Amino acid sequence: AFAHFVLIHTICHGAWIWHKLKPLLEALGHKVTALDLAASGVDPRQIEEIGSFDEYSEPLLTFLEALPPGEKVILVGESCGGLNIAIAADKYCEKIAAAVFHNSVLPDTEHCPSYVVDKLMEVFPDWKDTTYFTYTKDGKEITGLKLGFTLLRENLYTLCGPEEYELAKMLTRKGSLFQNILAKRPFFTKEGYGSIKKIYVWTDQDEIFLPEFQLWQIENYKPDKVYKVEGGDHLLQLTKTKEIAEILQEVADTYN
């Protein structure tokens, strides 16, 4: 079967991270939309204009709003993209056939929205040469960050080629986890986000979303299906592109 996949990048990244996976999925006959979230990729906004993860998710929400009645999509989120999925699901669950988490955070409904992010920071506290700054928006102090090039090279693009890593150094932009804002955000709902089918994809070779963290997430909020990719690194859409496409094809054949 064919599906319409909506690929969602993580903070500081952009649609460009999906430049290898998108054409491969299309070669299988699928429709693919790779969005630039707010202040990401070539989006015109700067991070200082964004005050929450919900505002950051605007392009995704706007895209889902534009889907005609009856049309469903399969969301695919990498790393922090899982939060955009949860936010989108509490507004457009009826338009989501399933959500695929790709070495991604897996929010739940029993704990506050920042729960898995707080845990991630516990498991991976040292972001190396990553730099931080602060700005104010809607009366709240937000902590922005710019991923360090060494962190990118050693923990995210670990086994990626120098040509891929170069794109990261050239294209990554300032962003934010909006951690303190997530902490005060209403919980994700059971009727919305809680109702969607969730497929968890990961590799134990991820050097940032470590095994301890991912296995902790799986136990914390049981996915409907779990796919473990052998080898590769954090960026499976670059190092195991074919494998990811094969998994997504199976998801397309399972959920609609």
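Start at 1 and count along the sequence shown; that's the residue number.
- Taking only CA atoms, the mean B-factor in the PDB entry is higher for 186 to 194 than for the other of 210 to 218 and 186 to 194.
- For the pair 150 to 158 and 133 to 141, the mean Cα B-factor is higher in 133 to 141.
- The maximum CA B-factor among the listed residues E26, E58, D36, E48, taken from the PDB record, is found at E48.
- Note on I87, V123, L167, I74: the highest value goes to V123, judged by CA B factor as recorded.
- Among the modelled residues of its chain, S40 has a C-alpha B-factor that falls in the lowest third according to the deposited record.
- Placement of the Cα temperature factor of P113 within the chain: highest third of the modelled residues, per the deposited record.
- The entry lists a Cα temperature factor for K225 that places it in the highest third of the chain's modelled residues.
- Residue-level temperature factors show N180 in the highest third of its chain, judged at the C-alpha atom.
- Among all modelled residues in this chain, the alpha-carbon of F5 has a temperature factor (C-alpha) in the lowest third.
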